[PDB]
Amino acid sequence: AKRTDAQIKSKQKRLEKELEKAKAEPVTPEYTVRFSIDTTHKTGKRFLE
Amino acid sequence: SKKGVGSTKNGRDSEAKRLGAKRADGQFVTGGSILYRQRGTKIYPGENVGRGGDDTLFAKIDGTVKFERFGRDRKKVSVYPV
RNA sequence: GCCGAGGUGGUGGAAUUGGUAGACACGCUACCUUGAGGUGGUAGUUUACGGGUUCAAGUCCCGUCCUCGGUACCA
RNA sequence: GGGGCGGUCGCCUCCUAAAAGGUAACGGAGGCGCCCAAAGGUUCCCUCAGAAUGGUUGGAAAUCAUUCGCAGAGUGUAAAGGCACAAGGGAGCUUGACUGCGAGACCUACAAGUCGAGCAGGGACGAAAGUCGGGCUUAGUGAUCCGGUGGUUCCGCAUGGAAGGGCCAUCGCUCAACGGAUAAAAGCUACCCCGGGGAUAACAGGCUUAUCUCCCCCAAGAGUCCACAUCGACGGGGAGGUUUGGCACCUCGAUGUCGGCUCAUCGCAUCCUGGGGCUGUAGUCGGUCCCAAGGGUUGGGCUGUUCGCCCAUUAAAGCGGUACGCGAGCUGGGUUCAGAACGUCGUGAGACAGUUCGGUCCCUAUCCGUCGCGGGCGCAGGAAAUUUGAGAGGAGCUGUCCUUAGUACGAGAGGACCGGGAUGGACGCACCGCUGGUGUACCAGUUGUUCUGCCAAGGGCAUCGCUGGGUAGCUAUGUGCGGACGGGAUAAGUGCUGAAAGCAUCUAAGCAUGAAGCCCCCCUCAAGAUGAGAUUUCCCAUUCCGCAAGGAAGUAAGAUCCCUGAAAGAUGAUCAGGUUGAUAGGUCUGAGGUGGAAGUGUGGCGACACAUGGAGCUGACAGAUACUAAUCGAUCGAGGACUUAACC
RNA sequence: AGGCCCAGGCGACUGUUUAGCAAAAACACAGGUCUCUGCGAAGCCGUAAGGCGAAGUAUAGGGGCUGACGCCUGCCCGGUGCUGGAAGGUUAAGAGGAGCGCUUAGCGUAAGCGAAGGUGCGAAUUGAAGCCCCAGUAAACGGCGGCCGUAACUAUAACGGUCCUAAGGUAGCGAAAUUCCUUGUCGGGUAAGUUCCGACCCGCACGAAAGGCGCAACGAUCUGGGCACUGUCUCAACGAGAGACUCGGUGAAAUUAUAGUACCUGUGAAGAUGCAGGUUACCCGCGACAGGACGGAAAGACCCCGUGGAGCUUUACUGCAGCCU
RNA sequence: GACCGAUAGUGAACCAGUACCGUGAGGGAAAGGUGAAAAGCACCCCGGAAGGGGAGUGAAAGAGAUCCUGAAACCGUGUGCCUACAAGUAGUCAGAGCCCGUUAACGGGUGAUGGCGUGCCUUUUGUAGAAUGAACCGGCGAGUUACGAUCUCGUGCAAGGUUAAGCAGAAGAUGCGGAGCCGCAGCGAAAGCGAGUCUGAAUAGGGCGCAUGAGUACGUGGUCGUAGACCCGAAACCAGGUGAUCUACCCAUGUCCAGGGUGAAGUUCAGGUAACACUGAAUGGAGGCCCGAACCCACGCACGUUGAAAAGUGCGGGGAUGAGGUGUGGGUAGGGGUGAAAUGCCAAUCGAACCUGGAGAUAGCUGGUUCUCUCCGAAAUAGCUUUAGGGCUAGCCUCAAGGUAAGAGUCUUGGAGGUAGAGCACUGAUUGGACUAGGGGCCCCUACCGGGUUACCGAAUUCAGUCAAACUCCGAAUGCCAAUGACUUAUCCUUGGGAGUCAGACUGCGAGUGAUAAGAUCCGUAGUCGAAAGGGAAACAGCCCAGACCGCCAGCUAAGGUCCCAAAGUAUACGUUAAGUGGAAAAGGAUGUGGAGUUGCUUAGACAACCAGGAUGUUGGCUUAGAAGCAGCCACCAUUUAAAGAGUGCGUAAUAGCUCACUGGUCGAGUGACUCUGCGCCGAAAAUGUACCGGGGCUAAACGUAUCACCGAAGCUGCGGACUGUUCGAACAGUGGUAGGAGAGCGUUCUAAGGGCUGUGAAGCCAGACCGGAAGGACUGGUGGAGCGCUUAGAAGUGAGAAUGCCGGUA
Ligand SMILES: CC[C@H]1OC(=O)[C@@H](C)C(=O)[C@H](C)[C@@H](O[C@@H]2O[C@H](C)C[C@H](N(C)C)[C@H]2O)[C@](C)(OC)C[C@@H](C)C(=O)[C@H](C)[C@H]2N(CCCCn3cnc(-c4cccnc4)c3)C(=O)O[C@]12C
């Protein structure tokens, strides 16, 4: 159990050291708006003369 | 057999701070000397005793110390001269 | 009992607090086409729960319930 | 409370904390690594939460008045302490969230940390008094070193500068393992090595007994009725120290581990056998309980296995202690050494949360202890025999079949206690006549080669050359025997008489039965039984010293040295003998064993057969026999203390 | 001067191997394949000369892997390696020198400015390989999924849906040297078989060159059965020789505080010969036996500790040789 | 020469870098003494010699060739005393008997017998330890030196102390040499200023100073620092060499392989065809082919396992013509070679050879660390620590100088603090009743609208009760802080030198963790041990008593005891128990007894026992063929009667048959429930053996109450010594001790001035019945045969019982 639990910490120290050397951030997302519209009113025919 | 449960969660404790009487009744006491370390005002300042910023009761003048009472149920330090 | 994981529509399931009964693929319903089915075309149905935080909650937080698995009594 | 894992590492508050202060544990709870330009300062104001009513949409509960509410509210934030003269709420004005300090204190190993009246300079608010060096107190943070920034009547390697340094103010550290080893760091080791510890783990011992095993109380209920035939819930009380554990007290200058083998012994909580009481015990069989540890308690298949299941017996195939008895007694299959492989994990060396094949079990016994055998002396003379028994050891088990008797019982099916008899199993003791074994100086056959000069007859060697028999001795698988009959006292139990207590009662008195158990009977050892015993019998009380006690020195009866030896034996010992003698060897007769000797003759060409001829040979066997050796010797070995009593 | 037969696992075999615990299923092997290398080859030894390779020349020579033979060797190039490309981004030192300090003649009544020079620093620009990027390669390193519904119901799913992935384990094999559950279940062998054999297949946790499946022969290999055979055992007995034992000669050694060295129960550093209370025991040897002297031996090999060591590993840290540029 | 003297000093006093050991590099000993001189034993005897006894020589022959002296271990001979029914850490104390007759004194050797008694060392909380170390004896073997720092003590000079190198001088002292160093003046980072000075704006405040002034040069001593720094000990690392005579592979070059089988390719012949294929004979001789000797290798067993042998023997086993065995010559060398790969092999070494150097690596770890007495005497704790078995500071100990009577106890008095207890007034928990908005459920209709009910739950109110470490309206006993006086004892404070200790244990109490288990763990508190002997608890660190300077053949006591082991009461008085309770344990069970308290029956008459009653309404009706209760309901009813339930027992498959109930007669006075408590009973089992009194054994020799004696310690007292401290020869007080601090000495070797004793016999050695408080010191006698003590100083290679120490001798 001690032999397995010494590996279980060695791999975590390797993990944290490679993550401090890596420092590769998640990529910031591109920009979207979604924005859209409705204007769904029942409307007549004639507007501008 | 040794089955594992851990995690006490309650190890820590703060350092003992020495509240309470530092000088006694009828004690000769110089100026500026701390008469009572407390939190809150368990005991009030009376004559010639000031309450500090950490509400310790200290003596403003030289003289003996008296712990009288503030009447109903309440105490008081007062320093008198000789 | 303890630890770790997930609880969405009939289904499998994405969603870094910012609009989802559902946005995505199926089912499902009503119609059309066809002799009648199938395919195809048109339209349609509160996030396990309860209480907050917030202008805004599936998400952030505190508790309850369920299911997967590891870890036990026993056969 | 071994190490790893988990958890923690610094600071604050409460409880532990034992009415000062302090105080630990991997004790119980919580928080912190900040926030606020007002949530600071001052001045002036003023009082909270809830409840009961009146009130739209307003809801149980917003806001309103209204009474009652010295306190739950509020206090930026955990928790404690504190607060309504506000520290809690408003509004104005403000920057003291100042600079240089600081008498004196608390705290503390240090480093640090906390409080501080007052002084001066400049202010804020206030009419003034005054208050203000942050907040309601305690958390909200880290040394130094090295660098940055700002400022300075500081220094500046000859001089003037400068580079650079100092000082002051300050910034960069989750250096979070928070008094911070570096600016910078993860693993394998079964290929391993060293220095230490029983300061520290496992085994076994010890304390404990939660757990385990066992026992019991209460009694609801089950048991057709009926708690107590047998069961016994919910709960309760204990014993034991065999389980899994707790703790680390002995051992790390070594306390070898499981299973098996050999050998046991002990406890009784009894598996069989013995005796019993209760029954929901008709009988055979049973169930439970009490007494009893005397004896016994199997052989196989698989597994390393203990365990377990199975097969087939048994009267039964008991549970536990002894370092899970027993490795200076044995085995080494399993597990945990080095090789190697599979599955799986790891990037990896390697590892196991697994499996598989192979793998050095050392020691001449000093003491105690066991089992045997001797040698000395004792035992008030010296000797030879036979002994009593204190004491001690052994043995102590039991089947089946028949008779009683198909009787008792039962409706039947089924089927007895008790009382007799035979024959067994295991075990034990003896012995070899029988059956067998072994028999290496017995007898025979035969091969190879070699020797006796040759044929014939023999010898050597080849495991005793091999092979077929085999005497004595030793021996079991063979034979003979035994554990039987009984007393006496009991245990459980069953009772008589019988009160205390006009009765009842196995009771205190008085008596009696009653078990494989206890003491005997049976077998062995046994007077070192220093408590040294008792019988019957032999020898007798001599010689010098010396003045005695006493010494020594010839003996008696008796024994030994030495010798022939076996019925005995490691050696001693025992025993049979030592010339008036069969103790051994030889001899000669025999038994037994082997089997038809050699020579000769005949028959056959010959291998060979047959006769002479139950022949010849013959180790340990037994009966005669003085043939040979037990020769002559020599040594040791009594002279019997004292007192008293009794006798004559 | 052979024991033999029946079946199985692994390895084709003959060989080799831990001298002194492991002889093997481990190495090696013929075979297969991948890759390097145009010959001053590649790789290797050496700082270099000089060599090996090799007086060899791709049918040759190094290196990895797998191991005769038979049938075969599936999917994934997303990650890591190689291999190729390289337009572009980055990227060193060296180059370049815009400028800013510092000093200073001089100008300035002060304050300050200040040429040239020296000197300290230094921006833009250029600057390879590598890396980022784009493709190929799995007999390279490696990896090879879930869930839901659906058939005369009693069950499963040929089928369909949908997430996820780089792809979701194909053939063949499967309680195996791999199966924890476990002594799976069924069948055989056996009176009885946790092992064995043949099946099944919910494969904890097989699987195709860490090769998959078979396979005649071979094997001081491992495993199960059987014939013959036997003191291996029921259950021991006897005989022979060498020691042991007695006598004559010779004569060590480990060990060892001094020892006139009992056994119960107890106590005690918790397991006494030595202590306590009892119980027993004349003095001295000889052959035996090994229960104790926590016996002898080896300053525990297990466990922890030491801010001990040493071999190994890697995407631990920091370096170095080599190799590109 | 204040160096060595044969285990020392070179490794080597001697034919020594020798003998040995290794292939090699390299490692590396042991071992001195006749005499003044050979005068080294002519001669005789035993003896084969060896070796002797005489005789000679000699001063000595005990001086005779490993030879001066010649210890101890060890081994022998003779005898004085003891010893063959007694277990004895081996002694000591008592003690007869015997045998002697000394350094002549409360002699000496032995000791039957009695009481007591589990070695030394180290490490430990604790060791007889079944933990370690040593077989014994002997020698050797560990805190030293240099330079520097500081403190005490000493001396000189002192606000001035003093030179170093050097020169001269017998390896000297001394003279010269003041260059230098430390001080006299501090403060500040520095400029600087100066009895002041920095900070500061400050004439302020504070820090550090001096006004209350001693240093300096040497010397002894303590300690620290740098050196191997107190001895011994690693595994390891590095540098340069030496090794393929073993073994791995390779290179050149030879050589070995008895015999027997199987029988490939090919070839030939015959058949066969169109020719081939093909078939069959023969021939041939292949083969990491087979069986099997030599040889090689090692798998199985048994033996050996202080071996025949540091890897073998015996019996079997594999290969045994090719990846073969093997000889000879040769090559590769350590961070390297070699490897059909095991990290295997590289000279009986291998996860990195051996040797020599760095090197006396380092070791926070283990072991040891040697003479004595006296005064005093700890700690096992806090904080911090890559720290946890280590270290530093503080606490605790010691010495000195100081200040000096501050300390300490108790009484009186004043305070702070909120536990134990208690209480509910907060905060939580929580039992029941009363009401009680409301939530359901039965529903009625009906716009869930209105309701109608329930003993179905109830938020909030009230009364009454409980409980709390993190609850307090309250609040102790103590402990704590003081002042004040009062007594009563001295021990605090400061400064400096030196430490050690940071593993603690158990018991009583207050808590925690644990299971309100543990000889458990962790704190507070007090004791004891540690570091404490003596007496008791049988034995027993830690429990109870009490603290050891020493002697005594003296007394009184503590705890514990008084029948015998075994000292003291078979003591007294009054009760209890009878189980061996005492001398082991619970729930629970029980007519065991002793003592207190009430109550009912109660001579117009109980209890026990004897006799007769065993009913009436009504023989009780259903689920039922029954139940006169009786397998179970329904009334718990009511008079015949002095007295009877329609039922508590028994029984049947149920009634049946009965018994008690309940009252009468006979009898003739204690009887029949309950509570408290004292002492007992069962409940009650385990492992070699009585085995839970120590034993015998006890019925008081147990227990309870009470009283008086006595025993009982190293306590106290008496007497007599010794030492230390206090007051000025006496008084008073004291004196266990680990680590450790301090003080006084003893001894060894050498040197120095003195002194003198030794050939009429030095040191050494061997004996003694001598002296001193110890270490130790003489005096005789005997061996020895030439050096050695005493007094005062000095300097140390300074004292051994322990290192699994080294060497030697011997068990
Ligand atoms: C032959 C007997 C050997 O014993 C055993 O090895 C073994 C039987 C043991 O059981 C023995 C008693 C062990 O004790 C045990 O140790 C354990 C670690 C602990 C045990 N207890 C403490 C629990 C303890 O009993 C131990 C440790 O031995 C290892 C004792 C220790 C002192 C020894 O090592 C010991 C000296 C062994 N040895 C070492 C060489 C071994 C290599 N080798 C093998 N063969 C040869 C050989 C052959 C032929 C020729 N040459 C050489 C050489 C020998 O030469 O002989 C030995 C004594």
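Residues numbered from 1 in each chain as written, not as in the entry; some residues may be left out. Chains lettered and ligands numbered in written order. Part of a larger assembly, values for the part shown. Heavy atoms only, no water.

Note the following rule: UniProt positions are given in the numbering used here, feature names are shortened, and annotations may be inferred rather than shown by experiment.
Within the PDB entry, the label attached to chain B reads 50S ribosomal protein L27, and the organism entered is Bacillus subtilis. The heading Sequence similarities in the UniProt record of chain B holds the text "Belongs to the bacterial ribosomal protein bL27 family."

Looking at the PDB entry, one finds chain A named Nucleotide-binding protein ExpZ and attributed to Bacillus subtilis.

Things to note about the protein's contact with RNA strand E
Residues and elements named next belong to chain A. As a reminder of what qualifies: Proximity is defined per residue: if any heavy atom of the residue lies within 4 Å of a molecule or strand, that residue is considered near it. Each polar contact in these results corresponds to two N or O atoms within 3.5 Å; when the atoms are within protein, one needs to be able to donate a hydrogen and the other to accept it, and residues that are neighboring in sequence are counted only if both atoms are side-chain atoms. The residue classification treats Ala, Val, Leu, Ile, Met, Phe, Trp, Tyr, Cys and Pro as nonpolar and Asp, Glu, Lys and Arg as charged. All others, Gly included, are polar.
Contacts to RNA strand E come from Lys2, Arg14, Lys17 and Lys21. By atom count, sugar and phosphate contribute 89% of the portion of RNA strand E lying within 4 Å of the protein. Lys2 has a polar side-chain atom sitting 3.1 Å from a phosphate oxygen of RNA strand E. One nitrogen or oxygen atom from the side chain of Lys17 is found 2.4 Å from a sugar or linking oxygen belonging to RNA strand E. A breakdown of the residues in the surface near RNA strand E according to their chemical character gives no nonpolar, no polar and four charged.

Considerations on the pairing of strand β8 (residues 75-80) of chain B
All names here are of chain B. Put simply, the test is: Only strands joined by at least two bridges in the DSSP assignment are considered to pair. Starting at the N terminus, helices and strands are each numbered in turn, a helix being any DSSP run of H or I of at least four residues and a strand any DSSP run of E of at least two.
Across three bridges, the pairing between strand β4 (residues 43-45) and β8 is parallel. Pairing of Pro45 across the sheet is with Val77, part of β8. Where strand β7 (residues 63-67) lies against β8, four bridges are found, and the strand directions are antiparallel. Residue pairing in the sheet places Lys66 in a bridge with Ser78 of β8.

Observations concerning the pairing of β7 of chain B
Direction of pairing for strand β2 (residues 28-29) of chain B relative to β7 of chain B: antiparallel, over a ladder of two bridges. Among the inter-strand pairings, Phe28 of chain B is bridged to a residue of β7 of chain B, identified as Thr64 of chain B.

Quick word on the pattern of salt bridges
Residues and elements named next belong to chain B. To be explicit about the condition: When a carboxyl oxygen of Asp or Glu lies within 4 Å of a side-chain nitrogen of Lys or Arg, that pair is called a salt bridge. Any residue under 20% of the maximum accessible area for its type is buried, any over 50% is exposed, and the rest in between are partly exposed; the area is computed with a 1.4 Å probe on protein chains only.
Taken as a whole, this structure holds two salt bridges over all chains when the rule is applied. For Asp25, the salt bridge goes to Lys66, with nearest N and O atoms at 3.1 Å. Of this pair, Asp25 sits in the loop between β1 (20-21) and β2 while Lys66 sits in strand β7, and the two are 41 residues apart along the sequence. According to the relative accessible area criterion, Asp25 is partly exposed, its value standing at 43%. For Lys66, a relative accessible area of 31% puts it in the partly exposed group. Among the ionic pairs, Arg39 bridges to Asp54, the shortest N-O distance being 3.4 Å. Of this pair, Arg39 sits in the loop between β3 (34-37) and β4 while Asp54 sits in the loop between β5 (49-51) and β6 (57-59), placing them 15 residues apart in sequence. The class of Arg39 is partly exposed, set by a relative accessible area of 43%.

Observations regarding unusual backbone geometry
Positioned with a positive phi, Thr39 of chain A is a non-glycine residue whose angle comes to about 40°. Residue placement: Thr39 of chain A occurs in the segment after α1 (2-22). Phi angles above zero are rare outside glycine, and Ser7 of chain B is one such case at about 65°. Under the relative-accessibility criterion, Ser7 of chain B is labelled exposed at 69%.

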